[PDB]
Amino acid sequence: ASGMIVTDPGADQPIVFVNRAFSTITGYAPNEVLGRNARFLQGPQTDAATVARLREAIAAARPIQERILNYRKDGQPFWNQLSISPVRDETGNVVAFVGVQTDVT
C-alpha cells in the first residue's frame, strides 16, 4: 500500500494528514509528524540535488517525481518513490500539496 502526505500550501508546507501506509513505511505515528515539514524523513546520504529539485518544484507548484533516500523513525534507510502534486481550486489557487510514497528498497 502506498503512503500519502497532505500539507498546507504556504509557509513551510506543514503536514496536516497522513494515511495508515505512511506509518507502515516510515515508522512514524501521525501525532509526531503533524505540523512538521516532511524533510525530517531525509538524512546524511540523501542526495542534495534531488532535494533541490523538490524545493524548486514545490515553490513553483509543479508536479515532480523523485526516488529519494529517506530514514524510518528508528534510523533505517529506505528508498522512497515520491510523487508530489498541487491541489488547486477552479481559479488556480493552490489549496494543498499531496505526496505519495512507495517503498521501492
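All residue numbers are counted from 1 along the displayed sequence.
Higher mean CA B-factor, judged across 59-67 and 39-47 from the recorded values: 39-47. Taking the PDB entry as given, 72-80 carries the higher mean Cα B factor of the two stretches 72-80 and 48-56. The entry lists a Cα temperature factor for residue 10 that places it in the highest third of the chain's modelled residues. The PDB entry assigns residue 101 a C-alpha temperature factor belonging to the lowest third of its chain's modelled residues.
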